[PDB]
Amino acid sequence: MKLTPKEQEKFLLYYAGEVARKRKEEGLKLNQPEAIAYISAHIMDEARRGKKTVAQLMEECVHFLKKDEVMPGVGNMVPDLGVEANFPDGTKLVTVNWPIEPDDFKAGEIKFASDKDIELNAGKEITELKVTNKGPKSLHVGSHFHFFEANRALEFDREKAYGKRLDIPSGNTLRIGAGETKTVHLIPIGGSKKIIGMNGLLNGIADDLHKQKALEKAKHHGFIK
Amino acid sequence: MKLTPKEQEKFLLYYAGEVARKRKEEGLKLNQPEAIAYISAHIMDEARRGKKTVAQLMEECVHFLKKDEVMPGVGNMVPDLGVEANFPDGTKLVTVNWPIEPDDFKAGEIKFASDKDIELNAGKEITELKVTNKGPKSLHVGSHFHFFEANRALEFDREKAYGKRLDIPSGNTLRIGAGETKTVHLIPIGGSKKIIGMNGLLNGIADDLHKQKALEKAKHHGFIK
Amino acid sequence: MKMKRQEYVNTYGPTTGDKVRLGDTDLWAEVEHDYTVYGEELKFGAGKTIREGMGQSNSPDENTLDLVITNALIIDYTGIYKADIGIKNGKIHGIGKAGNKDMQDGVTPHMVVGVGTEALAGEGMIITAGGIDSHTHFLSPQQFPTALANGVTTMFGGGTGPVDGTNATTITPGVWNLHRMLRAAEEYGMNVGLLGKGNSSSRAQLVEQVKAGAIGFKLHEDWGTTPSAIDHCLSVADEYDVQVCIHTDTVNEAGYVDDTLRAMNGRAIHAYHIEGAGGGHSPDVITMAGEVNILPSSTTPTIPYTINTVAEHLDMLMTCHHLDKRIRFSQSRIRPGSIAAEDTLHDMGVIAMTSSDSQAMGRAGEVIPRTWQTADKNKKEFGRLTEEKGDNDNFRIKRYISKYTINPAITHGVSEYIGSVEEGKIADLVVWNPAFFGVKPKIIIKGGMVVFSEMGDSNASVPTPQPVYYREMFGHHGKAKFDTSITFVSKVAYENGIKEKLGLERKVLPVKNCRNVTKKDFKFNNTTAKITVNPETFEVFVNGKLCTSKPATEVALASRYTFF
Amino acid sequence: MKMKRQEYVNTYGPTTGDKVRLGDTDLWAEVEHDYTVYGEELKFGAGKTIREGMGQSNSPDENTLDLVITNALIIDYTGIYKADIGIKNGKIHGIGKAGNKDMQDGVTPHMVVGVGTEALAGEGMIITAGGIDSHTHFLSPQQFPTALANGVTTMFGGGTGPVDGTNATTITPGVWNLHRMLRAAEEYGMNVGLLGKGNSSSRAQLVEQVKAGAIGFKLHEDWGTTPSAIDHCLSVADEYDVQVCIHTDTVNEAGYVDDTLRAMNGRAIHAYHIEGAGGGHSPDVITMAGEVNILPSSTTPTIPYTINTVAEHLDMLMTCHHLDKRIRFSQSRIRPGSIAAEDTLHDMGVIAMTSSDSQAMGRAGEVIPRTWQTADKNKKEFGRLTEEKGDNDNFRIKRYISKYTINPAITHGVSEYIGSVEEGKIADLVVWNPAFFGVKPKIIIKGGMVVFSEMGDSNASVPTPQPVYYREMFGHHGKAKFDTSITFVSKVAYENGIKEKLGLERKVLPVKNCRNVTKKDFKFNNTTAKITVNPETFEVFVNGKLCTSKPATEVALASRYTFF
Ligand SMILES: [Fe+3]
Ligand SMILES: [Fe+3]
Ligand SMILES: [Fe+3]
Ligand SMILES: [Fe+3]
């Protein structure tokens, strides 16, 4: 047979699916592991039959188990499911979003203190700036990137972006499509404003003293036209 | 799924139960491991259905397999069976005494040399003693405990129990219920009679020389009233 | 900029005032404080915060973290709050706001995210200390993965394996057996500490054991827990700063409960299975829990009290102790009273610890679920505690978490190293998804490394595909296990080079401050009372008021999560 | 029982809400919190609290303190509160409530008063961290007793003795001189750290010095503070994690202040005598104080600004620099403007440190008095800070204490060891009687031992009879001085066994985290502004507003306390 350790795992998953199928036939509402195994075995079966595409299965398995076919809170507990199976074209990952239909019960439910918005970067002075991606390809700029050092494809008053970053949620990026014009909101960088790295236009504190040198480097490197 | 190593074990047990069920349906007499797995899978099924109590199942599974449903000697080989299963109130241990009905065949059968009783503690001088548990709670005293040092709740002529133990099988205990009166049979302790520990009334050889000192310690500590 | 509350919570997890349901229980944890600066939160990923010269510093720092657990919701006796956790040199380096002071505001000074920092996203996860199971019977090495898979990182107890003495008692007896087991311990990821045979009326035999590496002594009635044995054992434990654990004289042979308490003489002692189903003076062993010197714990099978607890026991006792089938009952009248009281006593903070009694009248991977099942049961019967301040169960949560984390650590003299999420302590932590809190952990960190976690298909294109099951990680292997695991010993053994002498490669640390720990020393479970048992009805009374609870028909963290 | 407020205060010192006048100044310290349990306070004496089995424990503990400072009023950047201070192994073991958990309520767990504990009554005393003088000229070993007698326990600087180079600059130049001085340091009780000659346009000569043990470099105009020298020095400092100190180009030979600032390139540098009388770019050196990378200190002769400050300087400059009597003035117009502004800038938190410039245009035993004289002067001139919360000067106090304690420690990379009254730090503490706060200390503790104190007649029946004068204590003598004193070195030197190689018996510790300290890193003195000087009027402007102060006619902590 030459069974690989991954094939040995899949037998357990498939058997768990078979036990879950038996319990559903008995008329029992399936729990979290039973529901996952029941859907996984279906995906594994369809892949062996090699008549359905990954795209077909991803669509077919949404709400494969209905809210009343499982115990309460099971659907919320499993917002997505992933199962690798061998198709005629090889092993492919089948990703299902909402495999089990959810209900009103939620284990690990977060209840908010208020519905009021969170004021991020509170008290920082906002700078409105018109930016144009004059380049042939779209680009994104992260929340903590030194805006002044952004791709030379971006056209804006760089002097006004010196020592500033985007007033957007931490970890988010702003997209500027090829040819697109946007009004960005910039706020001054936190802490000491010791900008080291990125495009190396500054590599030091973003103070008034370093500014002329930084603008000259930006012009020399093609950021300022 | 987040399968724990204990859940992985239960799948094997359950599959073994399913194979055993198949073989019984084929009309085969089940062997020792098949019989155990067949009963185990039943217990696991009923627990999932969560309609029966542990008490109900323990009763229901006695002679679950009949002598003619298993190979000879199988019942005697399995005098008791234990299986942990998840119930609506959590994992509980299901203990079955005589799960498989026994027959005339016995593997590992012990045939006695004679049916005559074994004379334990032969030739040791028996001392009859009236004891009363004047305490509010029942108590037991082991075969090799220095009787003289027993719970002060016990009322008896302690002098007569000095350097003696119960003439009962080794490892057995004698019960004296709250308020109960009994006639005990005491025999002198074996070996050197070097009594070290228990209530520390003696801590040395139980000779005539140590006796007065021991009786004074017993009185002082409240054993002798 | 203004961020919608739902969007904030999805991105960074809950903030100050938000309430989190623990698993499928009715227990709500409220975020007491958030140590972040809104807009400066750390997020890992492409185009995210933790990047060169941005959230990740380019300035070298002596406090560059080895690992950062971003946006964690800490649940500990110290508090239920939101913070970034920083690990360095396998210890909790800092708790607060991590990042780059060069580009960010309000960064905790010793929480530098740099080139050498690894990222772990804790946003929306609950981080707790690794559990300590003070009642381990070293019967099977297979208990260890089961324990880790249930959030337990430290195991105190004793044994030799599947022999009658271990089947019954938490004892590794004598020099040779202690040496053998301490050497066997090298194999595992679990932190260990071994107990010797405390049942002796001679000094020499007890001393030999402490010098052989024992962290303490177990006094078990199977070896005779007599008043002479109790006094001798405690006398040696007092001399050598080690703990004493006790399973009392069930059959009242040498005396009643008061006679045992008298023998102890106000000395520190750990009373295993205080309720008495697993053993001890019948029917009044529970009465010991009221005493200040008594450090009491509960074993898993009796907590929570269910409709099947009594039935299961009246047979589970017969398999463990190997009793005649002629024996039917006494336990049928005695047991309901104590088992019911036990749950209430836990809620009252009278019983300070929860443990397992593993394969010896108790379950290895059940300490954590069963603690929360009891907390939930009590919340459902007796409502939200009067002690609470707000629309939350924070005080009750802190009371229950202490039972398997900090309180066992205090009892065994390891509170300085492990037991809680505090700066300076060893990084033995568990990451939980709130929907699975108390039942199924995500990641187990030991000594700043991941040692065990839930993992999907090994061939798979991502770590999520089925079958997802618990597997050993790098921290549990090679020579890295010697760096992440601790073998606790007595000070005498430690100071006399037991590590070198036995050629132990694991971290060897001494147990210290065992003798002067009373009920007052515990966290959230310092309650002392006059506990009395009616010898006719078997009812438990706390200061003359009946102490009882109703049996559960169903429990949380069970049926929804498990296949079998 | 009810105790009269006056009686409580006499017995235990002030409690929560009480205000203490600092010396004869108009500064009031308010007790923010009291860590005691009323009725459980520790008192030493016949029939008092600290006695066998009472306040002093009979139960052994791993945390038995070596010294207990009972009922201390801590004044530190960390807060102004009332607590017991526990010393163990020459470190601050704990701060809170000390005593015996066996007999007392609310005892801090790691603050055990036991058989091995010594008692020091701090009731009614102010306890502060030992001061750090970061501008020492190692000109005379006689500076050390003068410094200790004024609450200074650590000295950073340089010198070779009374040669012209040391008379001018805080420089111990080259390998041989550094080795010689580090070995000379063994004699003293004072913690030391030496600075090498930074004035080099060649790498090799700078590196040699760091490897020889230097904690940093001093750039001084007398050896040429050119932009080339500024760049080369900082480049090596950045590589070796050491601090740089600067006395700028007074005569603007190679460039103006902006040219020097440009040469620095936003790199961390300690700008000595920022006002400019002691030296630096005339008349705009003070303009540097506004910059984030500039860590600014002030030297004693200009603080506080008095009616005799300018007159004293227009001659003190001629004796130090050895100038012709033909030179009369420029300093008469330039100096009032900057000296006046300097005081205001201190109050604003713009100048972060105070230092001496010891026997090189500044006084050795004046750092502490002069800091409080300035605090007092500004409180009298600009009123109680708007930053204050209540009828106290706590914020201003915290701002001023940070100038000679924590902020110099942060600047020189020793903040992890010394600088503040915090758990885990070395026990370098000063005990003050409130009537003498800031002018005359009572006891100087270094490494948990008393090293220097005010002491009466050696023959006398008690330690109080006259003449009471400052004397060296046991901690300053024999081999105990090697246990209580630290010689700070670079990491490179430390890691390469400088201690062993030079046969130093003293505690040798490396300076670390010097390069990434900006203004943001300081405590209570993080203020940045646009500082400008009119080149015609010499007036100082803070963000376009005039920055000035009036000269004092009399100062606090002076005339009432000193004979001469
Ligand atoms: Fe037990
Ligand atoms: Fe046990
Ligand atoms: Fe100077
Ligand atoms: Fe100087």
# chains A, B, ... in the order shown; residues from 1 in each chain; ligands from 1

call {"tool": "residues_around", "arguments": {"residues": "residue 11 of chain D", "least_positions_apart": "2", "cutoff": "12 Å", "atoms": "only C-alpha atoms", "output": "MDAnalysis selection string"}}
result
chainID D and resid 3:9 13:15 39 41:44 48 70:71 121:125

call {"tool": "select_by_dssp", "arguments": {"residues": "segment 29-225 of chain A", "states": "strand (DSSP E)", "output": "ChimeraX atom specification"}}
result
/A:80-87,90-97,110-111,118-119,127-133,139-142,154-155,164-166,173-176,181-188,194-195,204-205

call {"tool": "residues_around", "arguments": {"residues": "residue 77 of chain A", "least_positions_apart": "4", "cutoff": "9 Å", "atoms": "only C-alpha atoms", "output": "VMD selection string"}}
result
(chain A and resid 32 73 102 106 to 108) or (chain C and resid 435 to 436)

call {"tool": "residues_near_ligand", "arguments": {"ligand": "ligand 4", "cutoff": "6 Å", "atoms": "only C-alpha atoms and all ligand atoms", "output": "compact mmCIF listing (two decimals) with C-alpha atoms, in the first residue's frame"}}
result
# COMPACT_ATOMS: atom_id res chain seq x y z
CA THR D 169 37.90 68.65 30.44
CA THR D 170 36.10 65.49 31.95
CA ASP D 357 31.48 70.57 36.73
CA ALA D 360 36.29 73.12 36.75

call {"tool": "residues_near_ligand", "arguments": {"ligand": "ligand 2", "cutoff": "10 Å", "atoms": "only C-alpha atoms and all ligand atoms", "output": "ChimeraX atom specification"}}
result
/C:135-137,157-158,166-171,218,220,246-247,272-273,278-279,299,355-362

call {"tool": "write_last_selection", "arguments": {"atoms": "N, CA and C atoms", "output": "PDB file, in the first residue's frame"}}
result
ATOM      1  N   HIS C 135      -2.050  16.673  42.028  1.00  0.00           N
ATOM      2  CA  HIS C 135      -2.403  15.295  42.355  1.00  0.00           C
ATOM      3  C   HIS C 135      -2.257  14.393  41.108  1.00  0.00           C
ATOM      4  N   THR C 136      -0.998  14.128  40.712  1.00  0.00           N
ATOM      5  CA  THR C 136      -0.651  13.290  39.566  1.00  0.00           C
ATOM      6  C   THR C 136      -0.168  11.940  40.071  1.00  0.00           C
ATOM      7  N   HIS C 137      -0.737  10.849  39.545  1.00  0.00           N
ATOM      8  CA  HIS C 137      -0.282   9.500  39.864  1.00  0.00           C
ATOM      9  C   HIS C 137       0.574   9.140  38.645  1.00  0.00           C
ATOM     10  N   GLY C 157       3.252  14.906  42.042  1.00  0.00           N
ATOM     11  CA  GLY C 157       2.710  13.636  42.505  1.00  0.00           C
ATOM     12  C   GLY C 157       3.784  12.594  42.712  1.00  0.00           C
ATOM     13  N   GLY C 158       3.469  11.348  42.394  1.00  0.00           N
ATOM     14  CA  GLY C 158       4.408  10.248  42.553  1.00  0.00           C
ATOM     15  C   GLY C 158       3.944   8.960  41.919  1.00  0.00           C
ATOM     16  N   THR C 166       1.234   2.503  42.939  1.00  0.00           N
ATOM     17  CA  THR C 166       1.021   3.740  42.185  1.00  0.00           C
ATOM     18  C   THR C 166      -0.427   3.863  41.812  1.00  0.00           C
ATOM     19  N   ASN C 167      -1.045   2.713  41.451  1.00  0.00           N
ATOM     20  CA  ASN C 167      -2.461   2.607  41.113  1.00  0.00           C
ATOM     21  C   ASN C 167      -3.304   3.280  42.200  1.00  0.00           C
ATOM     22  N   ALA C 168      -2.862   3.129  43.476  1.00  0.00           N
ATOM     23  CA  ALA C 168      -3.430   3.622  44.731  1.00  0.00           C
ATOM     24  C   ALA C 168      -2.891   4.965  45.232  1.00  0.00           C
ATOM     25  N   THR C 169      -1.545   5.109  45.319  1.00  0.00           N
ATOM     26  CA  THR C 169      -0.864   6.279  45.911  1.00  0.00           C
ATOM     27  C   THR C 169       0.036   7.122  44.954  1.00  0.00           C
ATOM     28  N   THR C 170       0.221   8.443  45.278  1.00  0.00           N
ATOM     29  CA  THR C 170       1.088   9.420  44.565  1.00  0.00           C
ATOM     30  C   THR C 170       2.503   9.351  45.184  1.00  0.00           C
ATOM     31  N   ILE C 171       3.091   8.137  45.229  1.00  0.00           N
ATOM     32  CA  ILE C 171       4.373   7.905  45.873  1.00  0.00           C
ATOM     33  C   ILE C 171       5.404   7.265  44.969  1.00  0.00           C
ATOM     34  N   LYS C 218       3.932  12.086  50.422  1.00  0.00           N
ATOM     35  CA  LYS C 218       2.530  11.725  50.410  1.00  0.00           C
ATOM     36  C   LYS C 218       2.324  10.776  51.571  1.00  0.00           C
ATOM     37  N   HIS C 220      -0.438   8.279  52.671  1.00  0.00           N
ATOM     38  CA  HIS C 220      -1.585   7.543  52.152  1.00  0.00           C
ATOM     39  C   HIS C 220      -1.909   6.331  53.042  1.00  0.00           C
ATOM     40  N   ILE C 246      -1.781  14.552  52.012  1.00  0.00           N
ATOM     41  CA  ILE C 246      -2.419  13.545  52.836  1.00  0.00           C
ATOM     42  C   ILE C 246      -3.764  12.996  52.333  1.00  0.00           C
ATOM     43  N   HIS C 247      -3.858  11.668  52.351  1.00  0.00           N
ATOM     44  CA  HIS C 247      -5.067  10.892  52.154  1.00  0.00           C
ATOM     45  C   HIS C 247      -5.202  10.175  53.525  1.00  0.00           C
ATOM     46  N   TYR C 272      -5.469  16.241  50.012  1.00  0.00           N
ATOM     47  CA  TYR C 272      -6.012  15.781  48.720  1.00  0.00           C
ATOM     48  C   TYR C 272      -7.476  15.344  48.924  1.00  0.00           C
ATOM     49  N   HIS C 273      -8.307  15.453  47.842  1.00  0.00           N
ATOM     50  CA  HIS C 273      -9.730  15.073  47.803  1.00  0.00           C
ATOM     51  C   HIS C 273     -10.436  15.308  49.130  1.00  0.00           C
ATOM     52  N   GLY C 278     -12.780   9.833  47.280  1.00  0.00           N
ATOM     53  CA  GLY C 278     -11.508   9.249  46.875  1.00  0.00           C
ATOM     54  C   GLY C 278     -10.697   8.734  48.050  1.00  0.00           C
ATOM     55  N   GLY C 279     -11.175   9.009  49.288  1.00  0.00           N
ATOM     56  CA  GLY C 279     -10.576   8.578  50.550  1.00  0.00           C
ATOM     57  C   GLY C 279     -10.499   9.590  51.684  1.00  0.00           C
ATOM     58  N   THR C 299     -10.558  16.494  43.866  1.00  0.00           N
ATOM     59  CA  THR C 299     -10.220  15.670  42.714  1.00  0.00           C
ATOM     60  C   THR C 299     -11.394  15.723  41.741  1.00  0.00           C
ATOM     61  N   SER C 355      -7.644  19.361  41.299  1.00  0.00           N
ATOM     62  CA  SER C 355      -6.594  18.471  40.809  1.00  0.00           C
ATOM     63  C   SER C 355      -7.219  17.264  40.143  1.00  0.00           C
ATOM     64  N   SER C 356      -6.428  16.272  39.752  1.00  0.00           N
ATOM     65  CA  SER C 356      -6.998  15.178  38.993  1.00  0.00           C
ATOM     66  C   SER C 356      -7.151  13.815  39.594  1.00  0.00           C
ATOM     67  N   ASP C 357      -6.240  13.338  40.441  1.00  0.00           N
ATOM     68  CA  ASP C 357      -6.272  11.923  40.901  1.00  0.00           C
ATOM     69  C   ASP C 357      -6.153  10.926  39.691  1.00  0.00           C
ATOM     70  N   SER C 358      -5.416  11.347  38.645  1.00  0.00           N
ATOM     71  CA  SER C 358      -5.199  10.662  37.367  1.00  0.00           C
ATOM     72  C   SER C 358      -5.118   9.125  37.432  1.00  0.00           C
ATOM     73  N   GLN C 359      -6.029   8.422  36.696  1.00  0.00           N
ATOM     74  CA  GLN C 359      -6.138   6.956  36.593  1.00  0.00           C
ATOM     75  C   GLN C 359      -6.103   6.241  37.952  1.00  0.00           C
ATOM     76  N   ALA C 360      -6.388   6.998  39.019  1.00  0.00           N
ATOM     77  CA  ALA C 360      -6.392   6.503  40.388  1.00  0.00           C
ATOM     78  C   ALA C 360      -7.575   7.118  41.181  1.00  0.00           C
ATOM     79  N   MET C 361      -8.782   7.144  40.531  1.00  0.00           N
ATOM     80  CA  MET C 361     -10.102   7.711  40.906  1.00  0.00           C
ATOM     81  C   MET C 361     -10.203   9.177  40.457  1.00  0.00           C
ATOM     82  N   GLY C 362      -9.901   9.403  39.174  1.00  0.00           N
ATOM     83  CA  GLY C 362      -9.891  10.733  38.573  1.00  0.00           C
ATOM     84  C   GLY C 362      -9.276  10.852  37.192  1.00  0.00           C
TER      85      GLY C 362
END

call {"tool": "closest_atom_pairs", "arguments": {"of": "chain C", "to": "chain A", "cutoff": "6 Å", "atoms": "only C-alpha atoms", "output": "tab-separated table"}}
result
residue	atom	partner	partner_atom	distance
C:1	CA	A:120	CA	5.2
C:2	CA	A:119	CA	4.6
C:3	CA	A:118	CA	5.2
C:4	CA	A:117	CA	4.6
C:5	CA	A:117	CA	4.9
C:17	CA	A:113	CA	4.8
C:18	CA	A:112	CA	4.7
C:19	CA	A:111	CA	5.0
C:20	CA	A:110	CA	4.6
C:21	CA	A:108	CA	4.6
C:22	CA	A:108	CA	5.6
C:23	CA	A:108	CA	5.1
C:24	CA	A:107	CA	4.7
C:38	CA	A:120	CA	4.7
C:39	CA	A:120	CA	4.6
C:41	CA	A:170	CA	5.9
C:43	CA	A:171	CA	5.3
C:47	CA	A:142	CA	5.0
C:48	CA	A:171	CA	3.7
C:49	CA	A:171	CA	4.9
C:53	CA	A:196	CA	5.4
C:54	CA	A:144	CA	5.6
C:101	CA	A:191	CA	5.0
C:102	CA	A:194	CA	4.7
C:103	CA	A:190	CA	4.9
C:104	CA	A:190	CA	4.2
C:105	CA	A:191	CA	4.7
C:434	CA	A:108	CA	4.3
C:435	CA	A:108	CA	3.8
C:465	CA	A:82	CA	4.5
C:466	CA	A:83	CA	5.4
C:467	CA	A:13	CA	5.5
C:560	CA	A:31	CA	4.9
C:561	CA	A:32	CA	5.6

call {"tool": "residues_around", "arguments": {"residues": "segment 186-195 of chain D", "least_positions_apart": "5", "cutoff": "7 Å", "atoms": "only C-alpha atoms", "output": "ChimeraX atom specification"}}
result
/D:144,153-158,170-172,214-218,476,481,485-489,504,506

call {"tool": "write_last_selection", "arguments": {"atoms": "N, CA, C and O atoms", "output": "compact mmCIF listing (two decimals), in the first residue's frame"}}
result
# COMPACT_ATOMS: atom_id res chain seq x y z
N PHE D 144 35.09 63.16 46.55
CA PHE D 144 34.27 62.04 46.96
C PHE D 144 33.57 62.19 48.32
O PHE D 144 32.33 62.12 48.34
N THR D 153 25.96 59.42 45.16
CA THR D 153 26.54 58.07 45.28
C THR D 153 27.23 57.56 44.01
O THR D 153 28.01 56.61 44.10
N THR D 154 26.95 58.16 42.84
CA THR D 154 27.53 57.78 41.54
C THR D 154 28.11 59.01 40.83
O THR D 154 27.49 60.07 40.82
N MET D 155 29.30 58.86 40.23
CA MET D 155 30.00 59.94 39.53
C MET D 155 30.52 59.54 38.17
O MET D 155 31.37 58.64 38.07
N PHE D 156 30.00 60.20 37.12
CA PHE D 156 30.47 59.98 35.76
C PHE D 156 31.22 61.20 35.30
O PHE D 156 30.84 62.32 35.61
N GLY D 157 32.30 60.95 34.60
CA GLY D 157 33.17 61.99 34.09
C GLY D 157 34.52 61.46 33.69
O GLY D 157 34.62 60.37 33.13
N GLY D 158 35.54 62.23 33.95
CA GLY D 158 36.89 61.86 33.57
C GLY D 158 37.91 62.81 34.16
O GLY D 158 37.57 63.88 34.67
N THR D 170 36.49 66.73 31.24
CA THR D 170 36.10 65.49 31.95
C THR D 170 36.58 64.30 31.10
O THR D 170 35.79 63.46 30.64
N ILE D 171 37.90 64.24 30.88
CA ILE D 171 38.53 63.27 29.99
C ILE D 171 39.70 62.56 30.67
O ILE D 171 40.59 63.21 31.23
N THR D 172 39.68 61.21 30.58
CA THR D 172 40.72 60.26 30.96
C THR D 172 41.16 59.73 29.60
O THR D 172 40.50 58.83 29.05
N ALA D 214 36.24 52.65 28.98
CA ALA D 214 35.48 53.90 28.98
C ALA D 214 33.98 53.67 28.84
O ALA D 214 33.58 52.80 28.07
N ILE D 215 33.16 54.43 29.60
CA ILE D 215 31.69 54.34 29.54
C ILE D 215 31.14 55.23 28.45
O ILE D 215 29.93 55.26 28.22
N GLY D 216 32.04 55.99 27.83
CA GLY D 216 31.70 56.94 26.79
C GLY D 216 32.83 57.88 26.41
O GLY D 216 34.00 57.61 26.68
N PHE D 217 32.46 58.99 25.77
CA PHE D 217 33.42 59.96 25.28
C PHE D 217 33.04 61.37 25.60
O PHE D 217 31.87 61.73 25.50
N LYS D 218 34.02 62.20 25.90
CA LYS D 218 33.73 63.61 26.11
C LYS D 218 34.40 64.34 24.96
O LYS D 218 35.55 64.06 24.65
N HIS D 476 32.13 51.46 53.48
CA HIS D 476 33.16 52.22 52.78
C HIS D 476 34.56 51.64 53.02
O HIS D 476 35.52 52.10 52.42
N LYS D 481 33.84 47.51 50.81
CA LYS D 481 33.71 48.57 49.81
C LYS D 481 33.65 47.97 48.41
O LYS D 481 32.99 48.52 47.54
N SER D 485 30.45 49.03 46.11
CA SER D 485 30.78 49.98 45.06
C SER D 485 30.87 49.37 43.66
O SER D 485 31.28 48.21 43.51
N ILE D 486 30.46 50.16 42.63
CA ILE D 486 30.46 49.74 41.23
C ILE D 486 31.38 50.61 40.38
O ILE D 486 31.34 51.85 40.48
N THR D 487 32.14 49.97 39.50
CA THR D 487 32.96 50.64 38.50
C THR D 487 32.25 50.27 37.20
O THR D 487 32.22 49.10 36.83
N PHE D 488 31.61 51.26 36.55
CA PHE D 488 30.93 51.02 35.29
C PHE D 488 31.92 51.08 34.14
O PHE D 488 32.85 51.87 34.17
N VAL D 489 31.74 50.20 33.16
CA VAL D 489 32.58 50.05 31.96
C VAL D 489 31.69 49.88 30.72
O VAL D 489 30.47 49.77 30.86
N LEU D 504 40.44 44.14 39.24
CA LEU D 504 39.49 44.97 39.97
C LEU D 504 38.65 44.04 40.84
O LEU D 504 38.16 43.01 40.37
N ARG D 506 36.20 45.40 42.89
CA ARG D 506 34.93 46.13 42.92
C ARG D 506 33.93 45.45 41.98
O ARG D 506 34.33 44.69 41.09
